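Novice: Handing over my_file29.cif, mmCIF, C-alpha atoms.
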data_protein
loop_
_atom_site.label_atom_id
_atom_site.label_comp_id
_atom_site.auth_asym_id
_atom_site.auth_seq_id
_atom_site.Cartn_x
_atom_site.Cartn_y
_atom_site.Cartn_z
CA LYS A 188 0.99 -133.22 -151.98
CA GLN A 189 0.60 -131.26 -155.20
CA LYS A 190 -0.18 -127.63 -156.09
CA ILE A 191 -1.30 -127.09 -159.64
CA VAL A 192 -2.12 -123.65 -161.11
CA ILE A 193 -4.17 -123.49 -164.32
CA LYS A 194 -5.09 -120.45 -166.43
CA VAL A 195 -8.57 -120.82 -167.89
CA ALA A 196 -10.36 -118.75 -170.59
CA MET A 197 -13.65 -117.26 -169.17
CA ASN A 201 -20.63 -118.94 -166.93
CA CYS A 202 -17.27 -120.63 -167.50
CA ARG A 203 -15.78 -119.71 -164.07
CA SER A 204 -18.35 -121.70 -162.14
CA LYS A 205 -18.22 -124.61 -164.59
CA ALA A 206 -14.41 -124.76 -164.41
CA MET A 207 -14.42 -124.51 -160.58
CA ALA A 208 -17.01 -127.28 -160.34
CA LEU A 209 -15.13 -129.55 -162.74
CA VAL A 210 -11.82 -129.08 -160.92
CA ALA A 211 -13.48 -129.47 -157.50
CA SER A 212 -15.06 -132.77 -158.58
CA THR A 213 -11.66 -134.24 -159.56
CA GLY A 214 -10.19 -137.17 -157.62
CA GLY A 215 -7.49 -136.17 -155.12
CA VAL A 216 -8.56 -132.52 -154.78
CA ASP A 217 -8.47 -130.95 -151.32
CA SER A 218 -8.93 -127.29 -152.37
CA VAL A 219 -9.72 -125.09 -155.32
CA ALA A 220 -9.22 -121.32 -155.33
CA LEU A 221 -9.51 -118.54 -157.89
CA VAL A 222 -6.35 -116.50 -157.89
CA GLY A 223 -5.07 -113.46 -159.74
CA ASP A 224 -6.61 -109.97 -159.55
CA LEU A 225 -8.93 -111.05 -162.39
CA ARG A 226 -9.68 -114.41 -160.86
CA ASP A 227 -8.79 -116.20 -164.06
CA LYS A 228 -6.37 -118.78 -162.63
CA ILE A 229 -7.41 -121.85 -160.58
CA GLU A 230 -5.10 -123.14 -157.84
CA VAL A 231 -5.75 -126.82 -156.99
CA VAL A 232 -4.09 -128.54 -154.02
CA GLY A 233 -4.37 -132.24 -153.29
CA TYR A 234 -2.86 -135.73 -153.72
CA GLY A 235 -2.79 -138.12 -156.69
CA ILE A 236 -4.27 -135.51 -159.03
CA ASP A 237 -3.49 -136.19 -162.70
CA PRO A 238 -2.80 -132.83 -164.32
CA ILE A 239 -2.89 -134.20 -167.85
CA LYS A 240 -6.41 -135.55 -167.42
CA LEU A 241 -7.48 -132.40 -165.64
CA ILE A 242 -6.28 -130.13 -168.45
CA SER A 243 -7.90 -132.34 -171.12
CA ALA A 244 -11.24 -132.37 -169.26
CA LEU A 245 -11.20 -128.60 -168.90
CA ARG A 246 -10.34 -128.10 -172.59
CA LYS A 247 -13.05 -130.54 -173.66
CA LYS A 248 -15.81 -129.24 -171.35
CA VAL A 249 -15.11 -125.55 -170.64
CA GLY A 250 -12.54 -123.92 -172.85
CA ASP A 251 -8.87 -123.26 -173.21
CA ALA A 252 -6.71 -124.09 -170.21
CA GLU A 253 -2.99 -123.86 -169.69
CA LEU A 254 -0.73 -125.27 -167.02
CA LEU A 255 1.19 -122.52 -165.22
CA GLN A 256 2.53 -124.33 -162.19
CA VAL A 257 2.92 -127.88 -160.98
CA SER A 258 4.80 -128.43 -157.79
CA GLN A 259 4.99 -129.84 -154.30
CA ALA A 260 2.83 -127.92 -151.72
CA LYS B 188 -15.80 -111.50 -148.05
CA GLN B 189 -17.73 -114.25 -146.27
CA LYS B 190 -16.44 -117.53 -144.80
CA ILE B 191 -18.87 -120.38 -144.46
CA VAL B 192 -18.11 -123.86 -143.02
CA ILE B 193 -20.45 -126.78 -143.77
CA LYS B 194 -20.28 -130.38 -142.47
CA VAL B 195 -21.46 -132.95 -145.05
CA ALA B 196 -22.27 -136.67 -144.53
CA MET B 197 -19.75 -139.03 -146.29
CA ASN B 201 -18.73 -140.20 -153.73
CA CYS B 202 -20.30 -137.43 -151.63
CA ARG B 203 -17.07 -135.45 -151.00
CA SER B 204 -16.45 -134.69 -154.63
CA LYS B 205 -20.15 -134.04 -155.37
CA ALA B 206 -20.44 -131.63 -152.46
CA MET B 207 -17.18 -129.84 -153.39
CA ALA B 208 -18.38 -129.50 -157.00
CA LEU B 209 -21.80 -128.18 -156.02
CA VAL B 210 -20.36 -125.60 -153.63
CA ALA B 211 -17.63 -124.61 -156.12
CA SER B 212 -20.24 -123.99 -158.82
CA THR B 213 -22.07 -121.44 -156.62
CA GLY B 214 -22.10 -117.77 -157.65
CA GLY B 215 -19.59 -115.57 -155.75
CA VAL B 216 -17.27 -118.45 -154.67
CA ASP B 217 -13.55 -117.63 -154.42
CA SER B 218 -12.46 -120.96 -152.82
CA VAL B 219 -13.62 -124.29 -151.48
CA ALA B 220 -11.49 -126.55 -149.28
CA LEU B 221 -12.00 -129.82 -147.43
CA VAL B 222 -11.00 -129.19 -143.85
CA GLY B 223 -11.53 -130.56 -140.36
CA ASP B 224 -10.07 -133.41 -138.34
CA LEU B 225 -12.16 -135.94 -140.37
CA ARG B 226 -11.92 -134.08 -143.66
CA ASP B 227 -15.68 -133.88 -143.72
CA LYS B 228 -16.18 -130.10 -143.70
CA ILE B 229 -16.18 -127.68 -146.64
CA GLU B 230 -14.81 -124.21 -146.00
CA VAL B 231 -16.07 -121.74 -148.65
CA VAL B 232 -14.84 -118.16 -149.05
CA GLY B 233 -16.65 -115.72 -151.29
CA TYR B 234 -19.18 -112.90 -151.74
CA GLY B 235 -22.95 -112.81 -151.89
CA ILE B 236 -23.31 -116.46 -150.97
CA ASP B 237 -26.59 -117.43 -149.24
CA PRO B 238 -25.69 -120.17 -146.76
CA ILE B 239 -29.29 -121.23 -146.23
CA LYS B 240 -29.84 -121.82 -149.95
CA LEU B 241 -26.48 -123.53 -150.18
CA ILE B 242 -27.37 -125.96 -147.36
CA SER B 243 -30.78 -126.69 -148.98
CA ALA B 244 -29.11 -127.38 -152.36
CA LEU B 245 -26.61 -129.73 -150.74
CA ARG B 246 -29.35 -131.57 -148.82
CA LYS B 247 -31.44 -131.90 -151.98
CA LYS B 248 -28.63 -132.97 -154.34
CA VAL B 249 -25.92 -134.66 -152.23
CA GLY B 250 -26.90 -135.62 -148.74
CA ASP B 251 -27.17 -134.37 -145.24
CA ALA B 252 -25.34 -131.14 -144.42
CA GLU B 253 -25.08 -128.90 -141.38
CA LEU B 254 -24.04 -125.24 -141.26
CA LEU B 255 -21.23 -124.87 -138.71
CA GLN B 256 -19.68 -121.44 -139.15
CA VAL B 257 -20.54 -118.12 -140.77
CA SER B 258 -18.65 -114.88 -141.00
CA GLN B 259 -20.21 -112.25 -143.30
CA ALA B 260 -16.88 -110.25 -143.19
CA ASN B 261 -13.17 -111.24 -142.70
CA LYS B 262 -10.77 -109.04 -140.63
CA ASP B 263 -8.95 -106.48 -142.73
CA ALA C 32 -7.01 -133.03 -119.27
CA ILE C 33 -6.90 -130.22 -121.94
CA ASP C 34 -3.33 -129.35 -123.06
CA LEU C 35 -3.03 -127.50 -126.33
CA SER C 36 0.75 -128.14 -126.40
CA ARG C 37 -0.09 -131.79 -127.18
CA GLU C 38 -2.83 -131.14 -129.74
CA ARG C 39 -2.09 -131.77 -133.39
CA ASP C 40 -2.51 -128.85 -135.75
CA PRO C 41 -5.89 -128.53 -137.51
CA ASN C 42 -6.49 -129.18 -141.15
CA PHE C 43 -6.74 -125.79 -142.76
CA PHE C 44 -6.73 -123.94 -145.99
CA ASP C 45 -5.72 -120.28 -146.02
CA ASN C 46 -7.60 -118.55 -148.87
CA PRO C 47 -4.86 -116.65 -150.82
CA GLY C 48 -7.01 -113.55 -151.45
CA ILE C 49 -7.63 -112.61 -147.80
CA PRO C 50 -5.24 -112.25 -144.87
CA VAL C 51 -4.00 -115.42 -143.16
CA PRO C 52 -5.91 -116.07 -139.88
CA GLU C 53 -3.51 -115.89 -136.93
CA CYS C 54 -5.10 -118.50 -134.59
CA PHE C 55 -5.89 -122.18 -134.40
CA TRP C 56 -9.00 -123.07 -132.44
CA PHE C 57 -9.87 -126.39 -130.84
CA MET C 58 -13.34 -127.49 -129.80
CA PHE C 59 -13.82 -130.01 -126.93
CA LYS C 60 -16.81 -131.83 -125.47
CA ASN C 61 -16.08 -133.16 -121.94
CA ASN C 62 -12.34 -132.65 -122.66
CA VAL C 63 -12.52 -134.82 -125.83
CA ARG C 64 -11.39 -132.98 -128.99
CA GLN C 65 -14.29 -132.68 -131.43
CA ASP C 66 -12.63 -130.63 -134.18
CA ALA C 67 -10.34 -127.73 -134.91
CA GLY C 68 -9.71 -124.96 -137.44
CA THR C 69 -8.37 -121.41 -137.91
CA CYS C 70 -9.65 -117.96 -136.98
CA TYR C 71 -8.47 -114.34 -136.81
CA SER C 72 -7.02 -112.71 -133.69
CA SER C 73 -8.68 -109.57 -132.33
CA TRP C 74 -11.88 -110.67 -134.07
CA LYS C 75 -15.10 -112.69 -133.76
CA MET C 76 -16.90 -115.62 -135.36
CA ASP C 77 -20.23 -117.40 -135.07
CA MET C 78 -19.87 -121.14 -134.66
CA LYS C 79 -22.14 -124.01 -133.95
CA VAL C 80 -20.87 -125.50 -130.68
CA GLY C 81 -22.81 -128.70 -130.06
CA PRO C 82 -26.48 -127.72 -130.17
CA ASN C 83 -26.10 -123.91 -130.07
CA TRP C 84 -24.68 -121.07 -132.14
CA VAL C 85 -22.10 -119.21 -130.13
CA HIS C 86 -20.56 -115.79 -130.80
CA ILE C 87 -16.87 -116.34 -130.04
CA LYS C 88 -14.45 -113.41 -129.63
CA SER C 89 -10.70 -113.58 -129.94
CA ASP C 90 -8.17 -111.21 -128.34
CA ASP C 91 -4.76 -110.22 -129.70
CA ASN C 92 -3.14 -113.39 -128.29
CA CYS C 93 -5.77 -115.85 -129.57
CA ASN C 94 -7.58 -116.32 -126.24
CA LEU C 95 -11.15 -117.08 -127.16
CA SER C 96 -14.31 -116.26 -125.17
CA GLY C 97 -17.94 -117.14 -125.53
CA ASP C 98 -20.94 -118.58 -123.70
CA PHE C 99 -20.46 -122.27 -124.45
CA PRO C 100 -23.10 -124.91 -123.73
CA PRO C 101 -22.48 -127.27 -120.72
CA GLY C 102 -19.54 -129.62 -121.36
CA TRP C 103 -18.25 -127.65 -124.36
CA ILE C 104 -15.37 -125.30 -124.85
CA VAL C 105 -13.41 -123.69 -127.68
CA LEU C 106 -9.78 -122.76 -127.06
CA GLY C 107 -7.35 -120.77 -129.18
CA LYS C 108 -3.59 -120.60 -129.76
CA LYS C 109 -1.32 -118.43 -131.90
CA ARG C 110 -0.18 -120.18 -135.11
CA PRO C 111 3.58 -120.61 -135.82
CA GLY C 112 5.25 -117.32 -136.72
CA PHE C 113 2.36 -115.11 -135.58
#
Take the structure in the file and give it back as structure tokens.
Specialist:
Amino acid sequence: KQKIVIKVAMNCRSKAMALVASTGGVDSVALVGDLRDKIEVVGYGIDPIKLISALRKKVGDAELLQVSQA
Amino acid sequence: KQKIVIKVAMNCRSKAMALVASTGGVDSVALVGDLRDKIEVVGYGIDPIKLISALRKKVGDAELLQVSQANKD
Amino acid sequence: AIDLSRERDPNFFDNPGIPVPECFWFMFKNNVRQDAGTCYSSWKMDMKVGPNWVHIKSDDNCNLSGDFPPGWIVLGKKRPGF
């Protein structure tokens, strides 16, 4: 059970949220930060490397801030 | 903020989650429920009726189960 | 037959930008668990209970009330640490 937090450059918000939400293993996606510019993803068997590459290729810059057990 | 819970027929999970997550005003989407077949969406200015129609048209059957227009503060 | 002390916790997700709801709720049809989730104490929610929408109120100890259709009920309990 993973928690991954990604900072994304930002209608890029909705595109990023949709892309992350469509990813295999994902149970939840949430915008966090006062400026809602980080995406928290919780789930199982999520590949963060592929997720970051897909975001970078389809939406814009994206940076891993946290990867942990939830 | 609003909280909306929708049951969807069940790769329909991921398609439904993506469609809901792409909606204007969404803060979060989560798969919940004993069968993991409900989407809980928190946000602002979300029209649940339009959301249900979009799901039905693009993903599959969907039923509105819960609405709050305002969380406790 | 209904004993909340034997019911497994719901699947939930607490949105990090709003307060954490204090209650679990459990919905039964003829004493068979249909589903469960979270809700606020001292509050209210509108929920589809079988065929009908029901306005369900919660008190400060997560006791829920509402006009449920025949055979249906929704019951509340305080979450751990609340």
Novice: Could you check how far atom CA of residue 109 of chain C sits from atom CA of residue 54 of chain C, in Å to one decimal?
Specialist: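 Atom CA of residue 109 of chain C sits 4.6 Å away from atom CA of residue 54 of chain C.
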Novice: Could you give me, as a tab-separated table, every chain A residue with an atom at most 8 Å from segment 203-223 of chain B, plus its closest atom pair and distance in Å to one decimal, counting all atoms listed in the file, rows ordered by chain then number?
Specialist:
residue	atom	partner	partner_atom	distance
A:204	CA	B:212	CA	4.5
A:205	CA	B:212	CA	6.1
A:207	CA	B:211	CA	5.5
A:208	CA	B:208	CA	4.2
A:209	CA	B:208	CA	6.6
A:210	CA	B:208	CA	7.7
A:211	CA	B:208	CA	4.9
A:212	CA	B:204	CA	4.6
A:213	CA	B:204	CA	6.9
A:214	CA	B:204	CA	7.4
A:217	CA	B:221	CA	5.4
A:218	CA	B:220	CA	4.1
A:219	CA	B:219	CA	5.5
A:220	CA	B:218	CA	4.1
A:221	CA	B:217	CA	5.4
Novice: Pick out the closest residue to residue 79 of chain C from this set: C:63, C:35, C:51, C:104. Count all atoms listed in the file.
Specialist: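 Checking each candidate against residue 79 of chain C, we get C:104 as the closest.
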Novice: For chain C, which residues have at least one atom within 12 Å of chain A, if we go by all atoms listed in the file? Write them as a list in words, please.
Specialist: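 The selection requested is residues 42, 43, 44, 45, 46, 47, 48 and 49 of chain C.
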Novice: Pick out the closest residue to residue 64 of chain C from this set: B:237, B:263, B:224, B:230. Count all atoms listed in the file.
Specialist: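 Residue with the minimum atom-to-atom distance to residue 64 of chain C: B:224.
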Novice: Starting from the shown file, work through the PyMOL selection byres ((chain B and resi 192) around 10) and note down what comes out as a list in words.
Specialist: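 Taken over the shown coordinates, the PyMOL selection byres ((chain B and resi 192) around 10) returns residues 190, 191, 193, 194, 195, 219, 220, 221, 222, 223, 228, 229, 230, 231, 232, 238, 253, 254, 255, 256, 257 and 258 of chain B; 78 and 79 of chain C.
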Novice: Output the residue selection produced by the PyMOL selection byres ((chain A and resi 236) around 8) on the file above, formatted as a PyMOL selection string.
Specialist: chain A and resi 189+213-216+233-235+237-238+241
Novice: List the residues sitting within 10 Å of (-25.8, -126.0, -127.9) in the file's frame, using only C-alpha atoms, as a list in words.
Specialist: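 Protein, DNA and RNA residues close to (-25.8, -126.0, -127.9): residues 79, 80, 81, 82, 83, 84, 85, 98, 99, 100, 101, 102 and 103 of chain C.
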Novice: May I have the residues within 6 Å of residue 67 of chain C as a VMD selection string, using all atoms listed in the file and disregarding those fewer than 5 positions away in the same chain?
Specialist: chain C and resid 41 56 to 58
Novice: Check the smallest atom-to-atom distance from each of C:90, C:97, C:71, C:36 to residue 50 of chain C using only C-alpha atoms, then report the winner.
Specialist: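 The shortest atom-to-atom distance to residue 50 of chain C comes from C:71.
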Novice: Please report the interatomic distance between atom CA of residue 235 of chain B and atom CA of residue 252 of chain B in Å with one decimal.
Specialist: 19.9 Å
Novice: Report the distance between atom CA of residue 243 of chain A and atom CA of residue 188 of chain A in Å, rounded to one decimal place.
Specialist: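 Distance between the two atoms: 21.1 Å.
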Novice: Mind listing as a PyMOL selection string all residues within 12 Å of (-8.7, -114.8, -133.3), counting all atoms listed in the file?
Specialist: (chain B and resi 261-262) or (chain C and resi 51-57+68-77+87-96+105-110+113)
Novice: Starting from the PyMOL selection byres ((chain A and resi 192) around 6), expand the selection into actual residues of this file and give them as a list in words.
Specialist: residues 191, 193, 229, 230, 255 and 256 of chain A
Novice: Could you work out an axis-aligned box for segment 254-261 of chain B, taking every atom the file lists and adding 8 Å on each side, and report centre and edge lengths in Å to one decimal, as lines of an AutoDock Vina configuration file?
Specialist:
center_x = -18.6
center_y = -117.7
center_z = -141.0
size_x = 26.9
size_y = 31.0
size_z = 20.6
Novice: Restricting the calculation to only C-alpha atoms, which member of B:236, B:248, B:243, B:225 is positioned closest to chain C?
Specialist: B:225
